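Numbering (the authors' numbering), first residue to last: 1 to 102. Heads up, the beta-carbon is just placed ideally off N, CA and C, and yes, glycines get one too. To start, the structure itself, in structure tokens.
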Amino acid sequence: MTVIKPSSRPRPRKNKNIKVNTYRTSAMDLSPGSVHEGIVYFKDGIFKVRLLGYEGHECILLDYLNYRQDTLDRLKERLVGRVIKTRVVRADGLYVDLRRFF
């Protein structure tokens with residue numbers, strides 16, 4: 001094996017990024033303008049977003065309506081319940097406001 005001009009340049013490029021830090025209680029947030037997944041419900045003519053997992057978190061879906069209604073899709077009645085992603089208008093605990101986009 002007469003090695004004269006061997007080609008083997010160094011190229012160290014590993015990737016490491018797990019971010020692991022939790023000193024006692026930590027993390028927290030309740031600002032509006034965030035997206036989340038919830039279940040759909042029907043009542044009062046408008047819709048209702050239930051947050052399963054929190055137990056005691058009920059929200060109302062009005063697409064940021066809070067003024068005049070616009071129910072005109074019998075299909076929405078059969079789709080109710082399905083899980084979708086909506087925007088949060090203001091979560092205070094138990095009763096929250098919800099606005100679906102698109």
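Drop a sphere of 10 angstroms on the beta-carbon of residue i, count the other beta-carbons inside from all chains shown, and report buried for 16 or more, exposed for fewer.
i, result
"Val-83", "exposed"
"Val-20", "exposed"
"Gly-38", "buried"
Measure the alpha-carbon distance for residue i versus residue j and round it to whole angstroms.
i, j, result
"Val-35", "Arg-99", "10 Å"
"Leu-72", "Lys-43", "15 Å"
"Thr-22", "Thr-2", "56 Å"
"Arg-78", "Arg-50", "17 Å"
"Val-88", "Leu-94", "13 Å"
"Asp-92", "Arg-74", "31 Å"
"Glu-58", "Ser-26", "25 Å"
"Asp-70", "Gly-45", "9 Å"
"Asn-66", "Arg-24", "40 Å"
"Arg-68", "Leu-52", "28 Å"
"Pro-6", "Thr-86", "59 Å"
Could you tell me whether any non-hydrogen atom of the ligand SAM is closer than 7 Å to the CB of residue i?
i, result
"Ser-8", "By its list of ligands, the structure shown contains no ligand whatsoever, and the ligand SAM lies outside what it can speak to."
Since I believe residue j is in contact with residue i (beta carbons under 8 Å), could you give me their beta-carbon distance rounded to a whole number of angstroms?
i, j, result
"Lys-48", "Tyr-54", "In fact, because the Cβ distance is near 15 Å, the residues do not count as touching under 8 Å."
Can you tell which of the options has its C-alpha closest to the C-alpha of residue i?
i, options, result
"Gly-56", "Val-80, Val-96 and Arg-9", "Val-96"
"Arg-90", "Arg-68, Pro-12, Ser-31 and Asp-70", "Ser-31"
I'd like to know if the segment 48 to 66 and the segment 3 to 20 are in contact, where contact means that at least 3 CB-CB pairs between them fall below 8 Å. no
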